[PDB]
Structure formats: structure tokens, C-alpha cells
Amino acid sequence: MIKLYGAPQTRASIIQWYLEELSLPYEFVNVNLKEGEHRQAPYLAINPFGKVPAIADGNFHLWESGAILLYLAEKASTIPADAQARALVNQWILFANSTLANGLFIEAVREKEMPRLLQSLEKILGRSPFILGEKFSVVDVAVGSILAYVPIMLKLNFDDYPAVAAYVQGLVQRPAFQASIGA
């Protein structure tokens, strides 16, 4: 089965949410970041940058939460996809991991970036229940996890963006979310 390397209160919870959505068994391998386990040779052989999450799937190892999400989504796919279909998913995963996370969580750019990001997401989410349309996908795990951390880590809310607020509420209420990030 997949082995997920993580620690409490890290982005490993985002991978646990997607594994819950996919109903896939996995082994959770705790890495003791407080005592520096991630900086020793055994963990550096899994991720040479000493960060969690990472996964092992047999002899295959992979790190970066976004790449893990794309990998699990590809492995679970039942209909073969082309470079353009994968590209639109990759676009949103890169967005969640860079443009969105940076604009919300970097204090020096937050005042300018955060309202613009939320205003753009309000337009998208006001026209469809999920980012890619009518159906929930790995894109909602990637983007939704970052938005869900806003009340958690910044004590801020989405009161001025009702469609974003309803979207995040809908995600937090999902049983798979409550079993992982929401636990």
C-alpha cells in the first residue's frame, strides 16, 4: 500500500484528505520533525530536502504535496486523459501551492493580494459548485485546503465573499475532510 510520511499539523493532512476521498488504504509513517528525524540520512533518502509530506509506493518515492495529489489522482483515473486535461489540473495545483498560498499567507503581500484572489475565486465559485464545475475533484482538495487554513491560521473569515464562504463550509462538512484536516 502507499506509505505517507508526515507529522502532526503539516500538509500531510491534505494528502490524508484525498486518500479518504479516494477510499484508499495507506500506512502513516510519523517523522519526528521536533527532534530532527527529517534531517537525518534515512529520511533524506526519501526527500533530499527533508520536508513532509512524501510517499513511497513500492520502490517509487515522491515528495511535494502537489505532486503527490496529482499522482494519486492519475493513479485513480478510470478514463485516459490527454496533456490538456492534465494541464488544467496541474494549473490549479501550482496555483494552490504558489500564487494562492503566497497571496494569503505572506504578510508583506497579503493586503494587496488576498482581496484580489478572493474576488476572482468569488466569481468562479458563484458560477459552479466546485472549481472544475459540477463535480468535486483533486483541485478542490488543493485549493480548498489552502482556503480552509485561513480561519485556522490567520483568524480571518470569508464574510465578504459568500460563494467562497459557502464553498469552504461545504468542504469542511465533508466526512472525508472531518476524518483528516478537520480531526
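Residue positions are given as counts along the sequence shown, with the first one as 1.
Chemist: Determine, for stretches 128 to 136 and 148 to 156, which one has the higher mean CA B-factor as deposited.
Modeler: Averaging CA B-factors over each stretch, the winner is 148 to 156.
Chemist: Decide which of the stretches 94 to 102 and 81 to 89 has the higher mean C-alpha B-factor, going by the entry.
Modeler: 81 to 89 has the higher mean C-alpha B-factor.
Chemist: Just say lowest, middle or highest third for the CA B-factor of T10 relative to the other modelled residues in its chain.
Modeler: For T10, whose C-alpha B-factor we compare with every modelled residue in the chain, the answer is the middle third.
Chemist: Based on the deposited C-alpha B factors for this chain, I'd like to know if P115 is in the lowest, middle or highest third.
Modeler: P115: CA B-factor falls in the middle third of its chain.
Chemist: Sorting the chain's CA B-factors, does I2 end up in the lowest, middle or highest third?
Modeler: Middle third.
Chemist: Please say which third, lowest, middle or highest, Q173 falls into when its CA temperature factor is compared across its chain.
Modeler: For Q173, whose C-alpha B-factor we compare with every modelled residue in the chain, the answer is the highest third.
Chemist: Give the position of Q40 by CA B-factor within its chain, expressed as the lowest, middle or highest third.
Modeler: Middle third, going by the recorded CA B-factors of the chain.
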